[PDB]
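What follows is a single structure, written as structure tokens, with notes after it.
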Amino acid sequence: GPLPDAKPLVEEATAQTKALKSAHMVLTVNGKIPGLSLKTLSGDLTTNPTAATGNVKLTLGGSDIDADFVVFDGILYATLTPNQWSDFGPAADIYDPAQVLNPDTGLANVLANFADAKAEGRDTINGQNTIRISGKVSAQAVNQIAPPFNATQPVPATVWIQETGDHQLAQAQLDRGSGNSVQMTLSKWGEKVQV
Ligand SMILES: CCCCCCCCCCCCCCC[C@@H](O)O[C@H](CO[C@H](O)CCCCCCCC[C@@H](C)CCCCCCCC)COP(=O)(O)O[C@H]1[C@H](O[C@@H]2O[C@@H](CO)[C@H](O)[C@H](O)[C@@H]2O)[C@H](O)[C@H](O)[C@@H](O)[C@@H]1O[C@H]1O[C@@H](CO[C@@H](O)CCCCCCCCCCCCCCC)[C@@H](O)[C@H](O)[C@@H]1O
């Protein structure tokens, strides 16, 4: 029918996101973003304490490698060859995955700096009704969650927020122009993450 007002949905999702401890995430890079060699990633993240497990497809020296990865006790491990775990040192020297759910600099900060929010339509995400919402994310909030963006201006964005229930952030995408973008889909909020 009619669409709810986006502004209160965004505010509710902001609050809900700040309280998150854990989630499943699927990250897709569309086109090309300089200094971001990642193509796709799917995994499970928990925080306080930080742990993550999953799989990643990335480009290394011009070859796409499929790898499994684990972040535990501050350290990043990954199978660059199958069943062979390599230790790549402190995760934070590459990207501390806890950043995504940091209430100050993660997804909640993106939501809190999401300007001009406007409800655009309704979409199913992972079996759930969500409201698709356009807006622009501040350069600072974008650079904090995704440094390679190197934004010097507000970044056009789309968020999908659950229409009912908890109003979680279901999906978000940041458009760098020219068919290049990064999108994350969140689900399984509060799941246990063993690792
Ligand atoms: C959703 C679930 C939660 C997760 C969220 C998603 C996060 C995904 C992150 C994926 C990025 C993996 C790509 C690794 C590329 C690799 O080249 O990184 C650089 C080189 O590192 C070495 O080369 C490592 C060995 C080579 C290959 C890597 C091994 C394989 C491991 C991995 C790829 C497999 C699994 C990966 C998946 C893990 C997911 C984790 C959960 C970093 O080197 P340094 O450690 O020296 O770091 C930098 C240094 O900074 C450090 O910080 C200092 C602070 O003071 C310290 O003192 C420290 O000493 C050091 O100085 C330097 O300054 C230097 O200037 C800079 O150039 C250095 O490297 C930089 O060099 C380039 C490399 O670029 C490409 O190679 C790719 C870089 C990708 C990094 C971007 C992170 C992803 C963005 C997150 C998106 C989130 C989306 C949110 C939703 C919208 C830059 O792009 C980038 O800035 C990079 O960091």
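Heads up, the Cβs are rebuilt from the backbone with ideal geometry, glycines too, and the neighbour counts pull from every protein chain shown. Each reported figure results from applying straightforward, stated rules to the coordinates on display, with no laboratory input.
Worth pointing out:
- In degrees, nearest ten, helix 6-18 long axis to first principal axis of the chain (Cα): 30
- For region 88-195, pairs of C-alpha atoms spaced more than 23 angstrom apart make up 30 percent of the total.
- FRET efficiency for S42 and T124, using Cβ-Cβ distance with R0 set to 25 Å, rounded to 0.05: 0.85
- Set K32/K57; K7/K192; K57/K192; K21/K118; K21/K57; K18/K192 screened for pairs whose C-alpha atoms are more than 20 Å apart: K7/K192; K57/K192; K21/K118; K21/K57
- For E120, the residues whose amide H sits under 5 Å from its own are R132, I133, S134, ignoring neighbours fewer than 5 places away on the same chain, with H placed 1.01 Å from N.
- With eigenvalues of the C-alpha gyration tensor scaled by 5 and rooted, region 34-108, Å: 21, 15, 11
- When the P(r) of region 1-153 is calculated, the portion above 22 Å amounts to 49% of the C-alpha pairs.
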